[PDB]
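**Q** In this note's numbering, the protein residues as written are 7 to 1270.
The beta-carbon is built from N, C-alpha and C at its ideal position, and this holds for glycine as well.
I am attaching a structure below and will ask some questions about it afterwards.
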RNA sequence: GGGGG
RNA sequence: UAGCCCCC
Ligand SMILES: Nc1ccn([C@@H]2O[C@H](COP(=O)(O)OP(=O)(O)OP(=O)(O)O)C[C@H]2O)c(=O)n1
Ligand SMILES: Nc1ccn([C@@H]2O[C@H](COP(=O)(O)OP(=O)(O)OP(=O)(O)O)C[C@H]2O)c(=O)n1
Ligand SMILES: Nc1ccn([C@@H]2O[C@H](COP(=O)(O)OP(=O)(O)OP(=O)(O)O)C[C@H]2O)c(=O)n1
Ligand SMILES: [Mn+2]
Ligand SMILES: [Mn+2]
């Protein structure tokens, strides 16, 4: 460690709280990181005096592996395939030798790539050559699922840990996290690699590059080493930063060693991934003596997902695990995969926890951080053949006799059907009618928003559409000469803009291109990039599904994103007396087929939508005639609406199936079109659709089936007390059945077990295999809960991991920084040990802050000052002679955050600056007599500040665009959007109205007329950048670094005029013995103190924020937050109502709605959060898990502590100031380490009035 | 672009 | 060729 100490000495102390941070040391540390050679990191690793406890037997078979050749074969269709041995799952990358297939690299003679000879033979068509190429390309792919070379993360860890234990400012003692000599993962990493390199001078087992992966030419290297090493590094970092129990961590290493010792690392990982969760989380408290859990009340209406904390629920034996024991299956699993030693140890330790508390949840969390974090990989061919093959077993089909004769592509489900489909059909029919009945549905704007949803910069099987169209002699415009990417639905929209639906209808049946996605702890999933006409025609399906979800059930719309996964719901559901069943449906997409679901859904919508859609087109789709054969004998023609025409065309596609075009670039010669009946993922209907069926069937079970299939009084009573509107929350195929508890305790476990078994049997009737789980735990949207405590899963957030489905190279340098910041933010949300995590993050950041640049022998270097990271959100450890660790990771981002940390030490800074020569006679309002301008330019604080705000990726705008084709394109886009003259007429009105009442007040008027331009830009910025555009990006960053400044942004200079007084610590908002988030306990002072004093966010963040906008949606391309900001700004700038009415007309509203919302906005008392947007202030993401609403309202006093001040008084017409002022106070409170404190407005330099004018100038100048 | 179903 | 839905 002397090697590390010498090279990063001063920097190490700067990030350990011992010495101040300085850009000079930081940049040198950066240069040192870049000058360190890979092999040096290993040499550094050798310098570590590892303890015996950090060692464990390493399997010799991890090095000696068979040839890959017996693991593959050519199938009947000539595709290269993986040959199974351990089951139908054994389709991943096998653990084999690989050096025999490599050619030494010219220069790195010890490293090699796949023999060019072998690929050439493979390309010629040689079976053996193809097999070898496939293996080589997929093994390479497996090794690319990381963000950057492992050595960088390791070096970072060495540098960070060289600082020793950290002194907690709050607890006033050093932490007791074992040093690296006790880190088993690192030891293994060094040994495994050393053993591989053997006598070779090169210590790296492989090199992650841009030109591709290269393997160390050693007979001991295996295709399984990259994944193994990647798991070890994560575990190594986590043991030091999450303060994980070392003994547990070793268990995680053993599993990984076993995975590398097996015949397939990924496969083995997939089969054993439940070990830690099953033997801890799902086995906790078989016995229970005490502890406390939350006591929440679910407010009304439950749909708001709003809860209120009511105290603590004392625990006792009464609440011990009552759910069935998983011991047997868990042990069988361990025995089957050679891990019974691990399962047994976990089972034993889990039993020792008889109290539910911080210690016990941290144990679970720790255990669950040890699961491999690799993104499983297998060839595309394998994913497609495993996911689009299995078909649902409909044990009780809809009788053929129950369908009427056809009505085009659909058949009505006779109302005399005794089938359970009866209910599924009624729900979709009902919702279809109500949806189509809504007036908004027939508003040109609404239909523009819908037509604009799928017009995006992402793909849409562009090539297949062009050819399915060529098949009927219809050639689309090619716009020869435009600098935009052609494979975008945006390009598609422009091509189709001026063609009647009848000419593009065939495209609805065009093939579907391949799209893949790798996941952690899961298998790769195939994706279907539907084309514009396919997405268009899917509208009715999507809208009806949305209507069901908004009006008929209890569901959360989104994908996930911590807190957006409604944390509050899990706390409630998992807290005794309450209990929850974690319902999930396997093979969801493959279970939604025409045989039972789609034929019924298509029918119900087609019919229920009839009367209100009659005699009318929809979203560009015309009405038409179709053959009618409903009645027997009677055969006529039937007029249907455009909406019905859509269902008509969509039904034709759902019936036939999807032609998936598979071009497997990892498997030479594996080109085939696979037909499948599995439901599309890339469809706008997918998510909402599955959510709707989920609740609909659960409703039918609880209302009909269940009751009719049992006479058991308790079960009948239990089911009767459950409602899909009050007790069942779902999204897609995930479900959470919440059984509220009584004073008599919780509902009988045996009665619950009966209900579940019936649900299970119930789904077999229509092809659904319910994955039900009753284990005393709550699991929803990959969020884990036990006894009201959230258990972050560190396993799913691989520090070094990064999904990479395609072969394309990683984005140019700059890009990596956003990823590193994301790694930091995940740690904040996962609750790692704040100091250890912050210090490590500074090391990591420093190690990626420098890049070598080229301009033609013009070898320079791009360096980001430490200050850029602060701007991005990374808190300072110690600066300007301040105490160490005074800054919390809840410090805001950007200007708000800069304001916060600077205000907390304004005086320290001023004093430091003067005592170091930065003095002047001019007395600064913020920094007194400190020559701040000279200081900030020299320290690179201004530089870093501005560099952080520059594009971290090449720009394509400015590419020579031949004006004529450029106008044709944007015209096509315009016609697509402005199809309906009514809409256009609306915007033109807003326009001339704007010139009279709004023009001049603000300069950011959002307008539908901009969309075509924003769409063009999007298609542009989607294309591959050139090396020139790259240089241009660097030059920009480098010019900002050279330039010298005299101030911060106009908004930051304005906030700095405001001063506060931090006062009394707040009282606890929740009980301090209450486990809310594992890892967030008295051992993690700042996070814990913030959680306790500020309080947890007990409402859904989606619901909360939906109340901070006047309009929820708008045409894709415009920014809802932008529209909201313009309206409020106009109001704040004294604009007349007619001006807001004009703004609203320009974004598509009818004059009546426009005038109404405008008049409504004028007289409204706007909330802190919504109002703060007038100046671009947003609630920080890191704050989302806390009760920031309460902080703004009751703990940021705008009235000075000692009464009113002339400067602090808020002018009559400037009440909007209070919202901005609330954010600034909150900033300082949240940025200060420790307990949330009450803060009092102390001063505003030039007074409130002048402050307001200052903000009003910023407002009216945006976009000039 | 980032983090997540 | 590389989809859809969400927090900044
Ligand atoms: N990028 C993504 C990720 C997920 N999904 C959707 O999420 C839904 C279900 O999620 P999973 O549980 O992850 O998919 P399953 O096929 O059901 O996996 P298996 O039963 O193992 O869980 C269906 C799928 O289309 C999606 O459209 N796009
Ligand atoms: N002032 C410097 C010089 C080099 N590098 C880093 O070095 C790496 C590759 O170049 P080297 O071959 O390692 O640089 P050398 O200067 O030739 O090595 P040193 O003096 O020991 O010889 C990439 C580049 O960013 C750097 O960050 N800053
Ligand atoms: N913004 C960037 C990114 C990369 N390059 C050029 O790309 C070439 C090699 O790519 P890298 O592998 O990304 O650069 P290295 O210095 O070899 O190391 P890495 O980015 O970790 O620093 C050399 C470098 O000048 C550049 O000029 N400007
Ligand atoms: Mn599922
Ligand atoms: Mn699921």
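Go through the residues and name those whose CB comes closer than 6 Å to any heavy atom of ligand 4, in chain order.
**A** Here the residues come out as 590, 591, 592, 594, 739.
**Q** Is residue 859 near ligand 3, judged by its Cβ being under 7 Å from some heavy atom?
**A** The count along the first chain starts at 1 and reaches residue 859 at position 853. Yes, since a heavy atom of ligand 3 falls inside the 7 Å radius drawn around the Cβ of residue 859.
**Q** Per the contact definition of three or more C-beta pairs closer than 8 Å, is the stretch 180 to 194 in contact with the stretch 227 to 245?
**A** yes
**Q** Quick one: what's got a C-beta closer than 6 Å to residue 695's C-beta in the same chain, skipping five residues either side?
**A** Position 689 of the first chain, counted from the first residue, corresponds to residue 695. Taken in chain order, the residues that qualify are 551.
**Q** Cβ of residue 200 within 7 Å of any heavy atom in ligand 1?
**A** By one-based count along the first chain, residue 200 stands at place 194. Checking the Cβ of residue 200 against ligand 1 gives no.
**Q** Report back the beta-carbon spacing between residue 276 and residue 529 to the nearest angstrom; my notes put them in contact at under 8 Å.
**A** As a working note, residue 276 is residue 270 in the first chain. As a working note, residue 529 is residue 523 in the first chain. Indeed they touch by this definition, with Cβ atoms about 7 Å apart.
**Q** Would the stretch 637 to 649 count as touching the stretch 85 to 104 if we require 3 or more Cβ pairs under 8 Å?
**A** no
**Q** Determine whether the beta carbon atoms of residue 1258 and residue 1220 lie at a separation below 8 Å.
**A** Walking along the first chain from the start, residue 1258 turns up at place 1252. Walking along the first chain from the start, residue 1220 turns up at place 1214. In this structure, residue 1258 sits near residue 1220, with a CB-CB distance shorter than 8 Å.
**Q** For the stretch 480 to 549, which segments carrying the beta strand (DSSP E) assignment without a break, of at least 3 residues, lie completely within its bounds, in sequence order?
**A** You should have 521 to 523, 531 to 533.
**Q** Taking the C-alpha atoms as reference points, what is the distance between residue 333 and residue 285?
**A** As a first step, residue 333 is located in the first chain; it is residue number 327 there, counting from the start. As a first step, residue 285 is located in the first chain; it is residue number 279 there, counting from the start. Roughly 8 Å separates the two Cα atoms.
**Q** Going residue by residue through the stretch 737 to 780, where are the continuous alpha helix (DSSP H) segments of at least 4 residues, counting only ones entirely within it?
**A** 755 to 770
**Q** At which residue ranges does the stretch 853 to 901 contain complete beta strand (DSSP E) runs of 3 or more residues, listed in the order of the chain?
**A** 856 to 859, 866 to 869
**Q** Pull up the CB-CB distance for residue 1193 and residue 1100, whole angstroms please, since I reckon it's below 8 Å.
**A** Walking along the first chain from the start, residue 1193 turns up at place 1187. Walking along the first chain from the start, residue 1100 turns up at place 1094. Sure, about 6 Å apart at Cβ, within 8 Å.
**Q** Since residue 180 sits in a beta bridge, which residues does DSSP pair it with?
**A** By 1-based counting over the first chain, the position of residue 180 is 174. Answer is 173.
**Q** Which of the three DSSP states, helix, strand or coil, is assigned to residue 1225?
**A** Looking up residue 1225 in the first chain gives position 1219. If DSSP states are grouped into helix, strand and coil, residue 1225 belongs with the helices.
**Q** Taking C-beta to C-beta, are residue 426 and residue 706 nearer than 8 Å?
**A** For this step, residue 426 is matched to residue 420 along the first chain. For this step, residue 706 is matched to residue 700 along the first chain. Yes, Cβ-Cβ distance for residue 426 and residue 706 is below 8 Å.
**Q** Buried or exposed: residue 734, going by 16 or more other Cβ atoms within 10 Å of its Cβ?
**A** Locating residue 734 in the first chain gives position 728, where the first residue counts as 1. That one is buried.
**Q** Please report the straight-line C-alpha distance between residue 1140 and residue 1199, rounded to a whole angstrom.
**A** Here the question's residue 1140 lines up with position 1134 in the first chain. Here the question's residue 1199 lines up with position 1193 in the first chain. Straight-line Cα distance between these residues: approximately 26 Å.
**Q** Does the Cβ-Cβ distance between residue 411 and residue 637 come in under 8 Å?
**A** Counted from its first residue, the first chain places residue 411 at position 405. Counted from its first residue, the first chain places residue 637 at position 631. Yes, the pair counts as a contact, with Cβ atoms nearer than the cut-off.
**Q** If residue 931 sits next to residue 1211, beta carbons under 8 Å apart, how far is it from one beta carbon to the other, in whole angstroms?
**A** In the first chain, residue 931 corresponds to position 925, counting from 1. In the first chain, residue 1211 corresponds to position 1205, counting from 1. About 16 Å; that fails the 8 Å criterion.
**Q** For the stretch 1039 to 1102, which segments carrying the alpha helix (DSSP H) assignment without a break, of at least 4 residues, lie completely within its bounds, in sequence order?
**A** 1056 to 1061, 1091 to 1100
**Q** How big is the Cα-Cα spacing for residue 928 and residue 813?
**A** Taking the first chain and counting its residues from 1, one reaches residue 928 at position 922. Taking the first chain and counting its residues from 1, one reaches residue 813 at position 807. Answer to the nearest angstrom: the Cα atoms are 59 Å apart.
**Q** With DSSP run on the structure shown, which of helix, strand or coil describes residue 941?
**A** Taking the first chain and counting its residues from 1, the one referred to as residue 941 is at position 935. Looking at residue 941 - three-state DSSP - the assignment turns out to be helix.
**Q** Closer than 7 Å: is that where the CB of residue 818 sits relative to any heavy atom of ligand 3?
**A** The count along the first chain starts at 1 and reaches residue 818 at position 812. Result yes, Cβ under 7 Å from ligand 3.
**Q** Please indicate yes or no: does the CB of residue 216 lie closer than 7 Å to some heavy atom of ligand 3?
**A** Counting from one through the first chain, the residue named residue 216 turns up at place 210. At least one heavy atom of ligand 3 lies closer than 7 Å to the C-beta of residue 216.
**Q** Can you tell me whether residue 557 is buried or exposed, with buried defined as 16 or more other CB within 10 angstroms of its CB?
**A** Walking along the first chain from the start, residue 557 turns up at place 551. Counting Cβ neighbours within 10 Å, residue 557 comes out exposed, since fewer than 16 surround it.
**Q** Under the assumption that residue 98 contacts residue 384 (Cβ atoms under 8 Å), give the Cβ distance between them as a whole number of angstroms.
**A** As a first step, residue 98 is located in the first chain; it is residue number 92 there, counting from the start. As a first step, residue 384 is located in the first chain; it is residue number 378 there, counting from the start. Residue 98 to residue 384, Cβ: 4 Å. Contact.
**Q** Between the Cα of residue 1242 and the Cα atoms of 1256, 1196, 664, which residue gives the shortest distance?
**A** As a position in the first chain, residue 1242 is number 1236, starting the count at 1. Selected option, being the one with the closest Cα: 1196.
**Q** Comparing alpha-carbon positions, which option in 300, 162, 295, 343 lies nearest residue 323?
**A** Within the first chain, residue 323 is the residue found at index 317, counting from 1. Per the Cα distances, 295.
**Q** Given residue 670, which residues of its chain have a CB within under 7 Å of its CB, disregarding the five upstream and five downstream residues?
**A** Locating residue 670 in the first chain gives position 664, counting from the first residue. The residues are 385, 386, 387, 676.
**Q** Using 8 Å as the cut-off, can you tell me whether the stretch 837 to 857 makes contact with the stretch 893 to 910, which would need three or more C-beta pairs spanning the two stretches below that distance?
**A** yes
**Q** Kindly indicate the opening and closing residues of the alpha helix (DSSP H) around residue 1254.
**A** The residue given as residue 1254 occupies position 1248 in the first chain. Note, residue 1254: alpha helix (DSSP H), 1253 to 1267.
**Q** Output the residue ranges of the beta strand (DSSP E) runs that lie fully inside the stretch 571 to 616 and measure 3 residues or longer, sorted by chain position.
**A** DSSP runs (the beta strand (DSSP E)) wholly in the stretch 571 to 616: 585 to 592.
**Q** Going by the CB atoms, is the gap between residue 349 and residue 336 shorter than 8 Å?
**A** Against the first chain, residue 336 aligns to sequence position 330. Against the first chain, residue 349 aligns to sequence position 343. Yes.
**Q** Output needed for residue 625: all residues of its chain with C-beta closer than 7 Å, excluding positions within five of it in sequence on either side, in chain order.
**A** Indexing the first chain from 1 puts residue 625 at position 619. The residues are 453, 456, 457, 542, 545.
**Q** From this set, 950, 188, 111, which residue's C-alpha is nearest residue 1053's C-alpha?
**A** Numbered from 1 along the first chain, position 1047 holds the residue referred to as residue 1053. Taking only the C-alpha atoms, the option nearest residue 1053 is 950.
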